[PDB]
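Quick notes on the structure that follows.
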Amino acid sequence: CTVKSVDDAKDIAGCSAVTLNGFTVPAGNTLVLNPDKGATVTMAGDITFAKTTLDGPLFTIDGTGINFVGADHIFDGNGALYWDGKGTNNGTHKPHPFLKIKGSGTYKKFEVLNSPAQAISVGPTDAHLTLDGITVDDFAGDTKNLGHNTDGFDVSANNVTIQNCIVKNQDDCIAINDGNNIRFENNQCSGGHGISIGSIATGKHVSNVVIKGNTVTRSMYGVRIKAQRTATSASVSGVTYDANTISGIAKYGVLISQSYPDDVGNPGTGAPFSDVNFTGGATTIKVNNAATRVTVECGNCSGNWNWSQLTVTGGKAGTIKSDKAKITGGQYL
Ligand SMILES: *[C@@H]1O[C@H](CO)[C@@H](O)[C@H](O)[C@H]1NC(C)=O
Ligand SMILES: *[C@@H]1O[C@H](CO)[C@@H](O)[C@H](O)[C@H]1NC(C)=O
Ligand SMILES: O=C(O)[C@H]1O[C@@H](O)[C@H](O)[C@@H](O)[C@H]1O
Ligand SMILES: [Cl-]
Ligand code: NA
């Protein structure tokens, strides 16, 4: 019931208590854990991934009701051996995602250090899944702007809570791409592209999202809802921003747009956005001098969007094209 190598990992069936020791995952291998239902998995060392040619995920854990106790240990992706400024768009192969977490349970207190590109992929789930007190430290990727597409958390799942986490990276802190009942609370995001829903692709539906209590600094965007211009049979519905404190934003404090991968222009109509609110505690956003405060670029948006608790200052005014939605309240124009 102690995993000391990639081959030990296949031998944990029957273990209600697994200890994950530190070791290196050699080139050409992956670490896959399928723990027993309700098992506790406790990390007792750091896991380092030698430079590899495999596609990600390099680490996959999949189980029901798992209790993962990280004890502040590290999954080290050796990302600087791969980073070339091009991420997953071109250039060197980047194993991605680094980690994949599937099923359900509670995952606490570990660090992902220097992922090659996207760090933690979440989903699908079979019950609630909570990630609590995880650090994605890709800060080294800022050097010479070589880290790219280093998303903290990519979520395509239902019934997820991500709380008390820290992300230092070069792309979305979180990107919520699909699923219902997703809560992102009391996290700290710096260096990247902010807190995102999307990009929303054809057939994907994000609903009942709560973005609460987070701090975002030194980022390209504060919060975004982005849908591919071309997406159809897609939607975002029921999003509440509450109590977020954001500053140091370079491009847009808020960008809600159906023109992706562009920020604005000829927005699509097949990924309707509805019921997007800034309520509860104040969401205060300070943007840089050349930044835009708030832009909404809808081809198809509906509802009474209560933005009473949003305050955005700095930079210049954006544009509001909200289609059928009525945006009330707040301070940003
Ligand atoms: C990738 O970069 C190479 C040059 O470094 C360029 O030839 C190629 O067209 C780029 N990839 C794509 C898909 O455009
Ligand atoms: C998981 O999500 C789906 C849709 O949100 C739902 O039917 C199921 O009730 C949720 N389960 C739990 C345990 O929250
Ligand atoms: O934030 C974004 O949407 C985009 O940022 C760009 O810098 C990146 O090259 C894209 O792949 C996408 O991640
Ligand atoms: Cl290899
Ligand atoms: Na995803």
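Naming scheme: A, B, ... for chains in displayed order of the structure tokens; residues 1 onward per chain; ligands 1 onward as shown.
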
Notebook entry, point to check: If we count only C-alpha atoms, what is near region 79-88 of chain A at a cut-off of 6 Å, once residues fewer than 4 positions away on the same chain are taken out, given as a list in words?
Noted result: residues 114, 115, 116, 146, 147, 148 and 149 of chain A

Check: Quick one: residues within 9 Å of region 93-105 of chain A, only C-alpha atoms counted, chain neighbours fewer than 4 positions away excluded, as a ChimeraX atom specification?
Finding: /A:38,52-68,75,77,79,82-83,87-88,112,115-131,151,154,157,160

Based on the selection just made, write C-alpha atoms of those residues as a PDB file, in the first residue's frame.
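Done, and the output landed in part_18.pdb:
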ATOM      1  CA  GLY A  38     -13.265   6.074  -0.004  1.00  0.00           C
ATOM      2  CA  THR A  52       9.208  12.968 -21.607  1.00  0.00           C
ATOM      3  CA  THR A  53       7.801  12.701 -25.120  1.00  0.00           C
ATOM      4  CA  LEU A  54       4.430  11.357 -23.968  1.00  0.00           C
ATOM      5  CA  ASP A  55       1.214  13.251 -24.271  1.00  0.00           C
ATOM      6  CA  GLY A  56      -0.381  14.202 -20.978  1.00  0.00           C
ATOM      7  CA  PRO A  57      -1.798  13.580 -18.552  1.00  0.00           C
ATOM      8  CA  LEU A  58       1.415  12.390 -16.893  1.00  0.00           C
ATOM      9  CA  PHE A  59      -0.425  11.803 -13.599  1.00  0.00           C
ATOM     10  CA  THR A  60      -4.030  10.564 -13.422  1.00  0.00           C
ATOM     11  CA  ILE A  61      -6.006   9.808 -10.265  1.00  0.00           C
ATOM     12  CA  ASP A  62      -9.515   8.465 -10.614  1.00  0.00           C
ATOM     13  CA  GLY A  63     -11.685   7.239  -7.772  1.00  0.00           C
ATOM     14  CA  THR A  64     -14.861   7.767  -5.748  1.00  0.00           C
ATOM     15  CA  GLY A  65     -14.807   9.631  -2.454  1.00  0.00           C
ATOM     16  CA  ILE A  66     -10.996   9.874  -2.406  1.00  0.00           C
ATOM     17  CA  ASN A  67      -9.348  11.765   0.441  1.00  0.00           C
ATOM     18  CA  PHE A  68      -6.006  13.021  -0.942  1.00  0.00           C
ATOM     19  CA  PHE A  75       4.467  17.278  -8.399  1.00  0.00           C
ATOM     20  CA  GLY A  77       6.736  18.886 -14.125  1.00  0.00           C
ATOM     21  CA  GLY A  79       8.374  22.728 -17.303  1.00  0.00           C
ATOM     22  CA  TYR A  82       9.917  22.404 -22.491  1.00  0.00           C
ATOM     23  CA  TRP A  83       8.904  26.087 -22.374  1.00  0.00           C
ATOM     24  CA  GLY A  87       2.849  26.764 -25.354  1.00  0.00           C
ATOM     25  CA  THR A  88       0.429  24.362 -26.933  1.00  0.00           C
ATOM     26  CA  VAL A 112       2.140  21.532  -8.966  1.00  0.00           C
ATOM     27  CA  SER A 115       3.889  22.254 -15.445  1.00  0.00           C
ATOM     28  CA  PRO A 116       4.949  21.988 -19.127  1.00  0.00           C
ATOM     29  CA  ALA A 117       1.655  23.708 -20.091  1.00  0.00           C
ATOM     30  CA  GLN A 118      -1.844  23.282 -18.651  1.00  0.00           C
ATOM     31  CA  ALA A 119      -1.455  22.163 -15.020  1.00  0.00           C
ATOM     32  CA  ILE A 120      -4.553  20.487 -13.559  1.00  0.00           C
ATOM     33  CA  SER A 121      -7.443  19.046 -15.612  1.00  0.00           C
ATOM     34  CA  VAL A 122     -10.540  18.356 -13.573  1.00  0.00           C
ATOM     35  CA  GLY A 123     -13.312  15.975 -14.556  1.00  0.00           C
ATOM     36  CA  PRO A 124     -15.425  14.206 -15.199  1.00  0.00           C
ATOM     37  CA  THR A 125     -16.881  13.712 -11.737  1.00  0.00           C
ATOM     38  CA  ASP A 126     -19.168  11.111 -10.217  1.00  0.00           C
ATOM     39  CA  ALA A 127     -20.077  13.147  -7.058  1.00  0.00           C
ATOM     40  CA  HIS A 128     -18.729  16.348  -5.486  1.00  0.00           C
ATOM     41  CA  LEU A 129     -15.010  17.045  -6.065  1.00  0.00           C
ATOM     42  CA  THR A 130     -13.200  19.586  -3.920  1.00  0.00           C
ATOM     43  CA  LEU A 131      -9.673  20.911  -4.522  1.00  0.00           C
ATOM     44  CA  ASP A 151      -3.600  27.155 -17.067  1.00  0.00           C
ATOM     45  CA  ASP A 154      -9.189  23.439 -16.570  1.00  0.00           C
ATOM     46  CA  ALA A 157     -17.111  18.602 -14.798  1.00  0.00           C
ATOM     47  CA  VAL A 160     -16.665  21.027  -8.384  1.00  0.00           C
TER      48      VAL A 160
END

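One distance worth recording is that between atom 12 (C, counted along the ligand's line) of ligand 2 and CA of residue 158 (chain A), which is 7.7 Å.
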
Margin query: Measuring between only C-alpha atoms and all ligand atoms, which one of A:200, A:209, A:246, A:287 shows the shortest distance to ligand 3?
Written below: A:200

Checklist line | Given only C-alpha atoms as the counted atoms, nearest of A:17, A:282, A:134, A:333 to residue 40 (chain A) | finding: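 Ranked by minimum distance to residue 40 (chain A), first place goes to A:17.
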
Next item on the list: List every residue of region 141-217 of chain A that DSSP, applied to the backbone of this structure, assigns to helix (DSSP H, G or I), and report them as a VMD selection string.
Entry: chain A and resid 141 to 145

Item checked: Among listed residues A:330, A:35, A:267, A:179, nearest ligand 5 (using only C-alpha atoms and all ligand atoms) -> A:179

Next item on the list: Tell me, as a PyMOL selection string, which residues lie within 9 Å of residue 166 (chain A), counting only C-alpha atoms; anything in the same chain fewer than 5 positions away does not count.
Entry: chain A and resi 133-137+152+173+187-190

Would you list the contacts of region 225-237 of chain A as an mmCIF file with C-alpha atoms, in the first residue's frame, taking every protein, DNA or RNA residue within 10 Å and counting only C-alpha atoms, but skipping same-chain residues closer than 3 positions in sequence?
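Dumped everything to result_4.cif:
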data_model
loop_
_atom_site.group_PDB
_atom_site.id
_atom_site.type_symbol
_atom_site.label_atom_id
_atom_site.label_comp_id
_atom_site.auth_asym_id
_atom_site.auth_seq_id
_atom_site.Cartn_x
_atom_site.Cartn_y
_atom_site.Cartn_z
ATOM 1 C CA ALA A 175 -10.926 27.986 -17.302
ATOM 2 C CA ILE A 176 -14.404 26.507 -16.792
ATOM 3 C CA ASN A 177 -15.155 24.822 -20.104
ATOM 4 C CA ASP A 178 -18.215 22.636 -19.353
ATOM 5 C CA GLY A 179 -20.396 21.644 -16.431
ATOM 6 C CA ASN A 180 -22.909 22.598 -13.803
ATOM 7 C CA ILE A 195 -10.644 33.869 -14.060
ATOM 8 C CA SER A 196 -12.371 32.487 -17.153
ATOM 9 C CA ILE A 197 -15.427 30.702 -18.336
ATOM 10 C CA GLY A 198 -14.568 29.203 -21.723
ATOM 11 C CA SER A 199 -13.628 29.390 -24.411
ATOM 12 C CA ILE A 200 -17.028 27.819 -24.871
ATOM 13 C CA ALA A 201 -17.073 25.373 -27.761
ATOM 14 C CA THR A 202 -19.887 23.698 -29.646
ATOM 15 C CA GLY A 203 -22.009 21.408 -27.511
ATOM 16 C CA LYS A 204 -20.653 22.741 -24.149
ATOM 17 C CA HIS A 205 -22.824 24.151 -21.395
ATOM 18 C CA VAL A 206 -21.589 25.938 -18.277
ATOM 19 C CA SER A 207 -24.164 26.722 -15.586
ATOM 20 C CA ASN A 208 -24.523 27.667 -11.953
ATOM 21 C CA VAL A 209 -21.028 29.043 -11.422
ATOM 22 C CA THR A 240 -22.386 35.025 -9.946
ATOM 23 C CA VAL A 254 -14.165 42.397 -17.515
ATOM 24 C CA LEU A 255 -14.533 40.938 -20.995
ATOM 25 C CA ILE A 256 -17.736 39.081 -21.820
ATOM 26 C CA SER A 257 -17.470 38.139 -25.452
ATOM 27 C CA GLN A 258 -18.919 35.858 -28.113
ATOM 28 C CA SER A 259 -16.194 36.803 -30.635
ATOM 29 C CA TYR A 260 -13.404 34.453 -29.399
ATOM 30 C CA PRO A 261 -10.535 33.972 -30.285
ATOM 31 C CA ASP A 262 -10.843 37.695 -30.873
ATOM 32 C CA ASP A 263 -11.704 39.864 -27.900
ATOM 33 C CA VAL A 264 -14.405 41.773 -29.890
ATOM 34 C CA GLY A 265 -16.000 41.918 -33.362
ATOM 35 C CA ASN A 266 -18.838 40.061 -35.184
ATOM 36 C CA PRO A 267 -19.958 38.053 -32.169
ATOM 37 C CA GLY A 268 -21.592 34.649 -32.529
ATOM 38 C CA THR A 269 -25.172 33.814 -31.667
ATOM 39 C CA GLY A 270 -24.971 30.081 -30.924
ATOM 40 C CA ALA A 271 -23.571 30.145 -27.371
ATOM 41 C CA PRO A 272 -26.128 32.266 -25.495
ATOM 42 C CA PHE A 273 -25.084 33.823 -22.195
ATOM 43 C CA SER A 274 -27.740 34.410 -19.540
ATOM 44 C CA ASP A 275 -28.065 35.494 -15.926
ATOM 45 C CA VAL A 276 -24.592 36.912 -15.260
ATOM 46 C CA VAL A 296 -19.572 43.168 -23.260
ATOM 47 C CA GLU A 297 -19.763 41.880 -26.863
ATOM 48 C CA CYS A 298 -22.923 39.758 -27.232
ATOM 49 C CA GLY A 299 -24.488 38.228 -30.289
ATOM 50 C CA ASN A 300 -26.988 36.390 -28.068
ATOM 51 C CA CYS A 301 -27.371 37.300 -24.388
ATOM 52 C CA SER A 302 -30.471 37.298 -22.135
ATOM 53 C CA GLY A 303 -31.660 38.178 -18.684
#

Item checked: Sel. of strand (DSSP E) residues, region 208-243 of chain A, as a PyMOL selection string -> chain A and resi 208-212+215-217+219-228+235-242

Write the selection just made, keeping N, CA and C atoms, as a PDB file, in the first residue's frame?
ATOM      1  N   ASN A 208     -24.546  27.621 -13.411  1.00  0.00           N
ATOM      2  CA  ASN A 208     -24.523  27.667 -11.953  1.00  0.00           C
ATOM      3  C   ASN A 208     -23.084  27.709 -11.415  1.00  0.00           C
ATOM      4  N   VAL A 209     -22.417  28.794 -11.802  1.00  0.00           N
ATOM      5  CA  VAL A 209     -21.028  29.043 -11.422  1.00  0.00           C
ATOM      6  C   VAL A 209     -21.012  30.159 -10.370  1.00  0.00           C
ATOM      7  N   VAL A 210     -20.247  29.965  -9.321  1.00  0.00           N
ATOM      8  CA  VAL A 210     -20.017  31.004  -8.311  1.00  0.00           C
ATOM      9  C   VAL A 210     -18.526  31.284  -8.244  1.00  0.00           C
ATOM     10  N   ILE A 211     -18.151  32.539  -8.479  1.00  0.00           N
ATOM     11  CA  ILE A 211     -16.772  33.025  -8.447  1.00  0.00           C
ATOM     12  C   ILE A 211     -16.727  34.011  -7.295  1.00  0.00           C
ATOM     13  N   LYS A 212     -16.202  33.590  -6.153  1.00  0.00           N
ATOM     14  CA  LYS A 212     -16.418  34.334  -4.913  1.00  0.00           C
ATOM     15  C   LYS A 212     -15.134  34.485  -4.117  1.00  0.00           C
ATOM     16  N   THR A 215      -8.752  36.779  -5.231  1.00  0.00           N
ATOM     17  CA  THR A 215      -7.871  37.924  -5.529  1.00  0.00           C
ATOM     18  C   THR A 215      -7.113  37.644  -6.821  1.00  0.00           C
ATOM     19  N   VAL A 216      -7.111  38.593  -7.735  1.00  0.00           N
ATOM     20  CA  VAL A 216      -6.408  38.483  -8.998  1.00  0.00           C
ATOM     21  C   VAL A 216      -5.481  39.683  -9.107  1.00  0.00           C
ATOM     22  N   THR A 217      -4.211  39.424  -9.411  1.00  0.00           N
ATOM     23  CA  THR A 217      -3.255  40.517  -9.559  1.00  0.00           C
ATOM     24  C   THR A 217      -2.423  40.253 -10.816  1.00  0.00           C
ATOM     25  N   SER A 219      -2.373  40.493 -14.092  1.00  0.00           N
ATOM     26  CA  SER A 219      -2.989  39.580 -15.027  1.00  0.00           C
ATOM     27  C   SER A 219      -3.451  40.316 -16.253  1.00  0.00           C
ATOM     28  N   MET A 220      -3.640  39.580 -17.361  1.00  0.00           N
ATOM     29  CA  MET A 220      -4.050  40.223 -18.609  1.00  0.00           C
ATOM     30  C   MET A 220      -5.521  40.614 -18.600  1.00  0.00           C
ATOM     31  N   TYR A 221      -6.351  39.831 -17.921  1.00  0.00           N
ATOM     32  CA  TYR A 221      -7.796  40.072 -17.794  1.00  0.00           C
ATOM     33  C   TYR A 221      -8.147  39.832 -16.338  1.00  0.00           C
ATOM     34  N   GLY A 222      -9.221  40.476 -15.873  1.00  0.00           N
ATOM     35  CA  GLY A 222      -9.720  40.168 -14.512  1.00  0.00           C
ATOM     36  C   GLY A 222     -10.613  38.942 -14.532  1.00  0.00           C
ATOM     37  N   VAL A 223     -11.836  39.134 -15.118  1.00  0.00           N
ATOM     38  CA  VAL A 223     -12.730  38.003 -15.356  1.00  0.00           C
ATOM     39  C   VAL A 223     -13.181  38.047 -16.818  1.00  0.00           C
ATOM     40  N   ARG A 224     -13.356  36.850 -17.375  1.00  0.00           N
ATOM     41  CA  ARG A 224     -13.834  36.706 -18.734  1.00  0.00           C
ATOM     42  C   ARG A 224     -14.884  35.611 -18.845  1.00  0.00           C
ATOM     43  N   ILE A 225     -15.841  35.855 -19.722  1.00  0.00           N
ATOM     44  CA  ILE A 225     -16.690  34.784 -20.277  1.00  0.00           C
ATOM     45  C   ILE A 225     -16.487  34.852 -21.764  1.00  0.00           C
ATOM     46  N   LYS A 226     -15.861  33.807 -22.335  1.00  0.00           N
ATOM     47  CA  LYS A 226     -15.484  33.792 -23.741  1.00  0.00           C
ATOM     48  C   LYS A 226     -16.138  32.626 -24.423  1.00  0.00           C
ATOM     49  N   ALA A 227     -16.799  32.886 -25.540  1.00  0.00           N
ATOM     50  CA  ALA A 227     -17.352  31.829 -26.389  1.00  0.00           C
ATOM     51  C   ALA A 227     -16.771  31.969 -27.776  1.00  0.00           C
ATOM     52  N   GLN A 228     -16.390  30.821 -28.350  1.00  0.00           N
ATOM     53  CA  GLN A 228     -15.974  30.825 -29.725  1.00  0.00           C
ATOM     54  C   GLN A 228     -17.068  31.430 -30.606  1.00  0.00           C
ATOM     55  N   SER A 235     -23.901  27.059 -24.254  1.00  0.00           N
ATOM     56  CA  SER A 235     -24.488  28.113 -23.419  1.00  0.00           C
ATOM     57  C   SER A 235     -23.658  28.330 -22.177  1.00  0.00           C
ATOM     58  N   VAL A 236     -23.839  29.539 -21.599  1.00  0.00           N
ATOM     59  CA  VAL A 236     -23.375  29.849 -20.250  1.00  0.00           C
ATOM     60  C   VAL A 236     -24.583  30.458 -19.536  1.00  0.00           C
ATOM     61  N   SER A 237     -24.979  29.911 -18.391  1.00  0.00           N
ATOM     62  CA  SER A 237     -26.168  30.415 -17.711  1.00  0.00           C
ATOM     63  C   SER A 237     -26.011  30.355 -16.217  1.00  0.00           C
ATOM     64  N   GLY A 238     -26.242  31.479 -15.541  1.00  0.00           N
ATOM     65  CA  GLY A 238     -26.256  31.440 -14.077  1.00  0.00           C
ATOM     66  C   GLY A 238     -24.832  31.587 -13.506  1.00  0.00           C
ATOM     67  N   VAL A 239     -24.261  32.770 -13.618  1.00  0.00           N
ATOM     68  CA  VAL A 239     -22.898  33.047 -13.168  1.00  0.00           C
ATOM     69  C   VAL A 239     -22.986  34.175 -12.156  1.00  0.00           C
ATOM     70  N   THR A 240     -22.381  33.971 -10.970  1.00  0.00           N
ATOM     71  CA  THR A 240     -22.386  35.025  -9.946  1.00  0.00           C
ATOM     72  C   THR A 240     -20.937  35.308  -9.550  1.00  0.00           C
ATOM     73  N   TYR A 241     -20.560  36.570  -9.720  1.00  0.00           N
ATOM     74  CA  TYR A 241     -19.295  37.095  -9.231  1.00  0.00           C
ATOM     75  C   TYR A 241     -19.575  37.839  -7.932  1.00  0.00           C
ATOM     76  N   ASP A 242     -18.845  37.488  -6.857  1.00  0.00           N
ATOM     77  CA  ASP A 242     -19.147  37.978  -5.517  1.00  0.00           C
ATOM     78  C   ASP A 242     -17.832  38.199  -4.809  1.00  0.00           C
TER      79      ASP A 242
END

Next item on the list: Identify which of the residues A:78, A:292, A:156, A:2 lies closest to ligand 5, counting only C-alpha atoms and all ligand atoms when measuring atom-to-atom distances.
Entry: A:156
